[PDB]
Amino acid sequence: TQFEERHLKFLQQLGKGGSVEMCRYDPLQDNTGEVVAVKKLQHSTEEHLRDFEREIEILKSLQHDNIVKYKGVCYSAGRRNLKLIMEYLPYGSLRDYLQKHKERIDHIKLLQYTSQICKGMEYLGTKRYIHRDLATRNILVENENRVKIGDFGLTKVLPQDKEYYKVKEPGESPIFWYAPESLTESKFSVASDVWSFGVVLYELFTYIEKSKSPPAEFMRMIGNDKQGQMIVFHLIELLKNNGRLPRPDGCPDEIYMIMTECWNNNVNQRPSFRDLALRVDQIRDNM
């Protein structure tokens, strides 16, 4: 079924990278229609369109409780400058949601979100998709009891014969969430996604205290005087020599263990998401 543009009423801006807006889909024209989230492109060159169209196919192929739901596409005369339509998740980003509620969400709740993040990523892996941008600002909160993986604008499908995807011309990169081989060779895989997931679990257990974020720690470790491409040079040598983010204040030592195990230089030694979700649920059972 179709989403017609004249019926999408703008409500509020949500994020720019394209750009995401909260709209009401109101075909009855009486303001009782569904509130939806809508993405469209900012500058519509053929390469960005091609990436957007891929993001749309990927999201459309995913149906999991912890993956944001695709609803449809709104099409357009002359240019066919699509809008992506999705479910609106009303508590917003997990980063912003944890900042607001800080330590008033206990370790048990944090582990419920962690579990659901692993479950979502694991499902993503059974399809041979590499997310590439797992961080708390890219996870969305549906309610107290449920989070979903979002932002698929950077996801790649592995080739049929290879276990990594190599980016030739990197654009915007969240280097502080990156695996060493992604920093050095621009190789991305299930294992690099697991490494990032380690950084997400750190984020969670620091409750997003700013002076504690990944960029902050890593910059203190490399020295705050490093600028541009020298940050990458230094971060790579630091990672090689086993500099890591510390264990956050109050973090249970068994959760810290998972982090450090995700942050292994040897890609083959990082655990799998299936095992992570098993482990994380066992820890929940215990508490």
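So that the term is clear: the rigid core is the largest set of C-alpha atoms that superpose within 1.5 Å between two forms. Heads up: residue numbers just count along the shown sequence, starting at 1.
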Fill in: More shifted region, core-based fit in 7 other deposited structures of this protein, 120 to 128 vs 94 to 102 by CA
94 to 102
Fill in: Stretch departing more from the displayed form, 255 to 263 or 218 to 226, Cα RMS in 7 other deposited structures of this protein (core fit)
218 to 226
Worksheet entry | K148 dropped from a third or more of the other entries of this protein | no
Worksheet item: Quick one: across the other PDB entries of this protein we compared, is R137 left without coordinates in at least a third of them?
Response: no
Worksheet item: Between 158 to 166 and 108 to 116, which has the higher average C-alpha B-factor in the PDB entry?
Response: 158 to 166
Worksheet item: On average, are the C-alpha B-factors higher in 95 to 103 or in 213 to 221?
Response: 95 to 103
Worksheet item: Out of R79, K187, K148, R137, which one has a C-alpha B factor higher than all the others in the entry?
Response: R79
Response to the item:
Among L59, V38, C251, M259, the highest C-alpha B-factor in the PDB entry belongs to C251
Practice prompt. Classify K16 as lowest, middle or highest third according to the C-alpha B-factor given in the PDB entry, relative to its own chain.
Written response: highest
Discussion item. Sorting by Cα B-factor within the chain, modelled residues only, which third would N242 end up in: lowest, middle or highest?
Written reply: middle
Worksheet item: Within this chain, which third does the Cα B-factor at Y75 fall in: lowest, middle or highest?
Response: highest
Worksheet item: If you rank every modelled residue in this chain by C-alpha B factor, which third holds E53: lowest, middle or highest?
Response: middle
Item to complete: Can you work out whether the C-alpha temperature factor of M121 puts it in the lowest, middle or highest third of the chain?
Response: lowest
